[PDB]
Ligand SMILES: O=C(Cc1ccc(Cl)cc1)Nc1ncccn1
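The data below hold one chain only, encoded as structure tokens and taken in the form deposited without this ligand.
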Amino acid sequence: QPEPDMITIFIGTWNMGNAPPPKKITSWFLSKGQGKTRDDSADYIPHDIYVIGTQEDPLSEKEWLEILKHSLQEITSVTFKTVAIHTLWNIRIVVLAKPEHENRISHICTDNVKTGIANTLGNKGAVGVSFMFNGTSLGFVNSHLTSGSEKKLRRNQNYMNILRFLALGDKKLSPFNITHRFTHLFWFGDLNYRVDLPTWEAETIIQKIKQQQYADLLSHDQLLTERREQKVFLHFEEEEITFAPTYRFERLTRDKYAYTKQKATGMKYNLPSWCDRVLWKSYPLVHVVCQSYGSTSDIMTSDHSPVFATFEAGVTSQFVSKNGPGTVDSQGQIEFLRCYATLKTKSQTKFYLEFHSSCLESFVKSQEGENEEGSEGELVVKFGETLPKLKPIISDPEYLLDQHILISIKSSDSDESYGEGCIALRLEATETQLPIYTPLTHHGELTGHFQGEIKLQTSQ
């Protein structure tokens, strides 16, 4: 039975509006409704992994697991195994996988983050799951961010608290937050970003939705505009939105958007918005292809419609050689040549690098770089040809070219990371000096760049 080099992943997000679901929710898992939808000819083909995020979920874990498993069994005739379930208040994440994957999945983590202080602590935050699928790390975040059209900045703050404080993946990757810990990271939920148009334009917006003319609405979507201005979700992807706004509907129909201000809304308007979203971030040059992104039309218990997204995701096998794991493979090496970091910091400390990768027995600390001034104000940290030669555990190019090197640049004075990035070993050539580049971030915000050349030796 061969190990896969691709799997498909279903991501669902649904704000259930504190109501039980209807008796049939299969359209959700089949990616049927509006937007980029899945071909009828695939309906019986199970996804490898289903990740369900709910918000305002009134069900017990048991109640929801029974509905989910019975739904998937009805669609696929497969009895899925529960990988993980984690709930914070009424925010929940469930991960189900095909039974054949049970001994491919390991290192299962769960965590949550509560966002806000005093007033603003008590119902918003995130839950997450991570695990290994053979040689591939997968992370999943379901977040319910702050509501309200005039709180986009609070949403952006919620995002930065969640990526700082959600403790998933390999705790040895200590300089790295979740945005660097996984081959593939999926972040979804009721992100609560709104279409920022005047209240008076509510009926105009509704008209546009009935005409399926989303362009003038998406140009005002706060998540798209905040992302374009690098305020949030830096280096994440989202598939083009081709489905109607998923909020705020009258319940038991989808024929009416309920946007007017009410006591129940705190006298806020809820103009039709794409609150419910799926984004991802994968390591450079790993296969990830969105194959569906849309909303259901027939699930009407909530004032939100469910959103689905499906992905092809590249995966690698758990590699064993005669040598590694448990020793180095003298036939392999990674050399970083003529490298320099460009940092936005005003601080004058010395800096050193750390190289972290599951292709190394443990992380490698460099010597300090040489600080110079850039022509436009910047700190440039030069490493020359002084960087430690990295000794991978396996030299086989079928393994090594699929790996990645995480880089942290740290202050000698404080040992704190000023920037984190990732370099793919999927090179155009081995034994050849080739340009490398990564942006550097810290707390998910841009702090600089790392660039130079790499020379990779494999056993071929």
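Start at 1 and count along the sequence shown; that's the residue number.
From this point on, the text means the form solved in complex with this ligand, which you will not see here.
Novice: Please pick, from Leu390, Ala202, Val328, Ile105, the one residue with any non-hydrogen atom lying within 4.5 angstroms of this ligand in the entry with it bound.
Specialist: Exactly one residue meets the criterion: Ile105.
Novice: Can you pick out, from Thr82, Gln207, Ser347, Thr260, the residue that has a heavy atom within 4.5 Å of this ligand in the entry with it bound?
Specialist: The option sitting close enough to the partner is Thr82.
Novice: Just one stretch in 264-272, 301-309, 105-113, 246-254 has heavy atoms within 4.5 Å of this ligand in the entry with it bound, so which one is it?
Specialist: Among the listed stretches, the partner-contacting one is 105-113.
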